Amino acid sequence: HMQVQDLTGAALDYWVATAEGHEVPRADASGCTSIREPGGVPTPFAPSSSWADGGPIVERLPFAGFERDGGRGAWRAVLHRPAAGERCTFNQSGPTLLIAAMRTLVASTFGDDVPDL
């Protein structure tokens, strides 16, 4: 198995697609591909690296924060998840905001590990 915190690239993209409920996700060395629509066509999907793909997900999902000490180095992502006094979040880090965010998304669905591709 692979630790979700270490996920990167096509594999990370694949787990996000799967979490998002996309069709026939694949993770070639060339990159992840999926169908994001009713009866759509297979198209590249790189939310962990393409801002166009990842950005909307960040805005849409209940992300509560991103932090980077001194504006450099690693990012930490916080994704929100019902009692009055309670709170639960999912928390992952990564070298870029998109990587941190997508790892958090994957962890919120599959937990700490995911089968290796």
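One-based numbering along the sequence shown.
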Practice item. Please count the deposited residues lying between residue 60 and residue 61 that the model leaves without coordinates, and give the class: none, 1 to 3, 4 to 9, or 10 or more. Key: none
Check your understanding: So which stretch wins on mean C-alpha B-factor, 24-32 or 86-94?
Key -> 24-32
Point to revise | 14-22 versus 98-106 - which carries the larger mean C-alpha B factor in the record | key: 14-22
Review point. Whose C-alpha has the highest temperature factor in the PDB entry: 65, 70, 38, 56?
Key: 38
